[PDB]
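Comments concern the structure below.
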Amino acid sequence: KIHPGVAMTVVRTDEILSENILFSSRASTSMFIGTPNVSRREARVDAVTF
Amino acid sequence: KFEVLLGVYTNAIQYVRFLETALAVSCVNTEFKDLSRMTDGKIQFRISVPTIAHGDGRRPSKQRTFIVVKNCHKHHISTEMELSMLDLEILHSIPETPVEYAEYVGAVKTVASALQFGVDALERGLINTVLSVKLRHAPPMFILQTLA
Amino acid sequence: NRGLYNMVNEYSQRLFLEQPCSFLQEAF
Amino acid sequence: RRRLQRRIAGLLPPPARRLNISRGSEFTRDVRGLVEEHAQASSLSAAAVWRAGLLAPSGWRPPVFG
Amino acid sequence: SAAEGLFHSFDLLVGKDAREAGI
Amino acid sequence: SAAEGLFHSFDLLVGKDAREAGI
Amino acid sequence: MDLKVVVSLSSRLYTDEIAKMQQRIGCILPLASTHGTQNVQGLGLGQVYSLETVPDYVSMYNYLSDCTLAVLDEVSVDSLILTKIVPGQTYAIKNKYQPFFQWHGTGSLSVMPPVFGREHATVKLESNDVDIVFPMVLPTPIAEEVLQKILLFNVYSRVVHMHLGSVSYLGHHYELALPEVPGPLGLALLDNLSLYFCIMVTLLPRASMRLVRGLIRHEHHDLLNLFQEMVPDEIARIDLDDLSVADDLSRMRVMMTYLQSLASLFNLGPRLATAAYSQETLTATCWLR
Amino acid sequence: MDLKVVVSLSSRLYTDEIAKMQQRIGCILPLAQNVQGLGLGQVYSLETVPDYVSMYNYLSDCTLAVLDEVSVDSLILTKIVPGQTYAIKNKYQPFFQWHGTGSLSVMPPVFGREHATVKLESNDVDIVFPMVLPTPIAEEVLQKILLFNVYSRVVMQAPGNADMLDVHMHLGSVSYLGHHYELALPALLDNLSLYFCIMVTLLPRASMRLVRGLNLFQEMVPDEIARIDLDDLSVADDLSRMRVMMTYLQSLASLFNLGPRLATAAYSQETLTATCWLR
Amino acid sequence: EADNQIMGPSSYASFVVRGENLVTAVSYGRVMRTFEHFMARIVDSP
């Protein structure tokens with residue numbers, strides 16, 4: 001327990017799982033939502049996948 | 001012969017919409033219905049600034065209308081609906097017999113259930129894209145409070 | 001430092017970030 | 001021109017199916033068209049071999065030439 | 001299970017005149 | 001820009017039956 | 001394009017077998033034929049890897065190279081449904097293999113014979129007398145050292161061997177079973193390697209010996225740690241020659257072609273080029289390289 | 001299918017940056033979306049030692065992308081698939097002619113970092129594009145930089161056996177299909193050279209162990225200087241030597257497989273592009 | 001206190017039979033009407 005001639009300043013990161021709050025004012029963005037396309041992918045005899 | 005009375009428990013699932021949820025306050029959402037008609041990614045903003053009538057200096061100035069341009073982001077969500085084959089075969093051949101009306105109603109019920117899971121998945125992807133483009137363009141409070 | 005300068009002058013010219021504390025390069 | 005229109009109109013990709021989730025009465029007729037499309041694109045008839053020629057542009061690739 | 005070989009004619013809903021979920 | 005040589009016949013208002021502002 | 005194989009059983013699959021096959025959904029299975037409806041006796045790797053004979057992995061590598069690959073999507077009574085793997089489509093392959101190698105680097109995968117043992121991926125059907133073994137899917141940096149351990153056990157059977165018997169990974173060490181005899185085709189690959197080496201030993205250069213001599217006597221790299229500060233005499237008697245550039249340039253061109261031929265020889269088994277692996281969903285969007 | 005991949009540029013690009021990105025618009029580049037690890041620029045950074053083998057393993061691991069359009073904030077680029085083709089161009093400042101060669105090799109640029117790069121002052125990254133070059137030129141420059149690294153480190157240790165001008169006369173020029181190119185020969189390429197060196201040093205004892213594994217047929221083909229090593233060596237040392245040698249042999253063979261080998265059909269020298277698919 | 005009493009049912013619930021309505025088919029309009037009722041209930045909540 002002899003103190004050396006230097007001084008150490010120990011640095012560490014700390015990962016913290018926080019819980020944010022999101023505000024967004026009335027009519028902030030504007031969405032142009034279109035009618036979706038449907039495409040029959042799996043032409044199976046057991047079950048069809050659209 | 002009635003041989004057992006089995007009790008099953010079907011899970012109750014909340015089917016959400018983008019208008020029933022409450023972050024539709026933030027977004028004025030429209031039915032464009034053909035997004036290929038807008039090929040230009042940039043939307044022209046015509047910000048018109050008003051003016052205060054100063055009589056003291058007599059330095060009269062009309063309104064300074066400046067124009068910035070801003071990019072329109074586009075997003076593309078895709079889910080799949082699993083409709084079985086035999087229920088679609090029941091759904092095509094509409095019957096007239098009152099004993100096959102029950103099998104038709106069962107096929108309609110399971111096809112409507114699979115469609116409802118697909119539509120609910122799309123209306124849960126809309127909310128996810130809206131939250132993603134809200135959280136992409138949201139600066140932290142400790143900068144925005146003193147900046148704005 | 002260029003991120004701080006760009007954000008502060010970008011908000012000034014108007015009238016993205018991975019960590020809020022990362023712009024202020026000081027430890028606590 | 002009539003020969004050319006009759007030749008182009010047959011050699012055309014079929015349009016993509018729409019489901020208007022927003023409206024009520026449009027969703028029912030659109031899924032009606034969906035099941036009427038599957039039921040004639042799957043069964044043994046001439047309708048399911050008529051569907052294979054439209055090619056719906058992964059499966060077919062026009063090659064390169066030297 | 002219980003329905004390892006049995007058909008079912010109908011079911012008994014838990015007093016739900018318009019709901020299909022539950023026991 | 002986009003209207004570098006084009007006339008415009010009309011515009012499409014964002015469901016605003018009495019408002020002229022917005023997209 | 002329907003890419004879906006319905007492999008049908010003759011007999012009824014019991015409930016524990018249904019649970020054991022439902023535990024393995026998304027895994028690679030090699031098929032016998034590429035067609036729409038097949039039988040179980042011929043599904044998987046069991047027809048080349050049987051309990052009665054020795055585990056020979058080199059014929060299993062060429063079997064996995066030749067025959068098609070399929071992923072397992074749906075298992076039910078009397079039938080289990082598979083999806084083929086063609087070039088031009090992106091497939092979801094989940095890591096359900098018992099020696100767990102984490103795909104953190106999103107490296108290119110490799111399909112292996114079950115070198116780590118049969119009985120963890122042996123999954124057994126008591127409906128019909130067949131044994132479905134699932135091939136090991138694992139990245140190619142592990143695959144090259146597993147293949148070199150397979151090739152080196154047969155030449156180090158004569159003359160510490162626990163290091164060659166087990167595998168090395170970042171997190172863990174797993175035990176992979178070695179046979180006392182490799183087999184006919186493993187001996188054929190070792191024979192081809194021996195002929196390649198006994199021919200290419202005379203077509204080695206002379207200049208790099210001067211590099212390794214001056215580097216041993218001068219500057220120790222981390223890569224120069226194997227010699228334990230010692231040089232043999234064969235290096236010296238091939239360094240009693242003078243150096244030119246023309247014969248070395250022709251020798252390095254034939255060395256380029258021979259190293260390409262060795263790249264052809266070592267590259268055994270199918271490889272899968274992963275893109276956008278999800279560690280939380282534990283599946284990977286892959287296509288055939 | 002929908003294949004248009006965009007990348008997120010933080011700062012807007014200035015005019016000279018637009019010109020330098022337009023100059024090499026036809027070339028391909030890898031991919032990691034982040035503009036930080038967008039290509040090979042994180043191995044060619046000033047952060048790491050420019051090691052060839054890790055660069056090659058990263059280039060063979062991650063996917064490639066040919067870019068179509070450049071803007072002040074976006075970079076339109078399509079990634080590579082094994083299914084279909086893309087039209088790519090030869091926009092590399094070491095210019096190698098793609099006249100009629102059916103194969104193109106993608107390797108890290110061994111002709112200097114400045115020769116195939118764009119340095120972005122305004123942004124956070126300095127991007128580089130790999131060398132897309134015909135495969136006999138690829139194996140020839142591998143020979144003439146590998147042997148030049150060997151014959152250079154040898155005359156740095158002992159300059160009494162070889163000559164620097166004697167190796168610089170032949171090992172600085174490639175000659176494929178009548179075109180005569182010059183090699184910018186200056187560190188780099190030292191780990192691959194020492195890997196090859198370790199391989200050809202331990203390959204005598206490797207060949208002896210292999211011929212003793214299975215008689216005078218395969219023992220006649222070594223010459224007398226290539227045959228004699230004494231039969232006394234420890235078991236653990238021999239096993240670790242064989243394992244490390246075969247590891248370096250497998251890595252060196254897959255490395256002299258030149259990575260993602262592109263194939264072309266119709267090279268149009270008027271417009272400097274060729275129809276290119278992945279093989 | 002938001003209240004001092006709550007409204008609840010005065011009796012135990014009774015198991016209702018569903019699934020065995022053997023009433024005959026009315027017409028094609030009946031099966032098309034129940035198809036439109038089931039299918040358009042996806043987009044109409046109340």
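Following the order of the structure tokens, chains are lettered A, B, ..., residues in each are numbered from 1, and ligands are numbered from 1.
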
Please check the contacts: residues of chain E at most 9 Å away from chain B, using only C-alpha atoms, listed as a list in words. residues 2, 3, 6, 8, 11, 12, 20, 21, 22 and 23 of chain E

Test item: residues at most 8 Å from segment 41-56 of chain B, only C-alpha atoms, excluding those fewer than 6 positions along its chain, as JSON, numbers by chain: {"B": [62, 63, 64, 65, 66, 67, 68, 69, 70, 71, 72, 73]}

Selection near residue 220 of chain G, 10 Å with only C-alpha atoms, sequence-local residues under 5 positions removed, as an MDAnalysis selection string: chainID G and resid 215 225 229

Those same residues, written as a PDB file, in the first residue's frame with N, CA and C atoms?
```pdb
ATOM      1  N   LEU G 215      14.751 -14.214 -40.810  1.00  0.00           N
ATOM      2  CA  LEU G 215      13.709 -13.776 -39.894  1.00  0.00           C
ATOM      3  C   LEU G 215      13.791 -14.525 -38.570  1.00  0.00           C
ATOM      4  N   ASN G 225       6.330 -18.540 -34.439  1.00  0.00           N
ATOM      5  CA  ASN G 225       6.481 -19.125 -33.112  1.00  0.00           C
ATOM      6  C   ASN G 225       6.509 -20.649 -33.160  1.00  0.00           C
ATOM      7  N   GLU G 229      12.567 -21.741 -32.348  1.00  0.00           N
ATOM      8  CA  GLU G 229      13.923 -21.251 -32.635  1.00  0.00           C
ATOM      9  C   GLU G 229      14.846 -22.370 -33.121  1.00  0.00           C
TER      10      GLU G 229
END
```

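Here atom CA of residue 116 of chain G stands at a distance of 7.5 Å from atom CA of residue 99 of chain G.
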
Counting only C-alpha atoms, collect the residues of chain B whose closest atom lies at most 9 Å from chain I, and write them out as a list in words. residues 17, 94, 95, 96, 97, 98, 99, 101, 102, 104, 105, 108, 109, 111, 112, 113, 115, 116, 119 and 120 of chain B

How close does chain D get to chain H? List, as a Markdown table, each residue of chain D within 9 Å, its nearest atom pair and the distance in Å to one decimal, counting only C-alpha atoms.
```
| residue | atom | partner | partner_atom | distance |
| --- | --- | --- | --- | --- |
| D:57 | CA | H:1 | CA | 8.8 |
| D:58 | CA | H:83 | CA | 7.7 |
| D:61 | CA | H:84 | CA | 8.0 |
| D:64 | CA | H:265 | CA | 7.4 |
| D:65 | CA | H:265 | CA | 7.6 |
| D:66 | CA | H:266 | CA | 6.2 |
```

Could you tell me how far atom CA of residue 98 of chain G sits from atom CA of residue 136 of chain G, in Å to one decimal place? 8.8 Å

Hey, what does DSSP flag as helix (DSSP H, G or I) within chain I? Can you give it to me as a ChimeraX atom specification? /I:28-39

Nearby residues (only C-alpha atoms) at most 12 Å from residue 13 of chain A, same-chain spacing under 3 positions excluded, as a ChimeraX atom specification: /A:10,16 /C:21-22,26-28
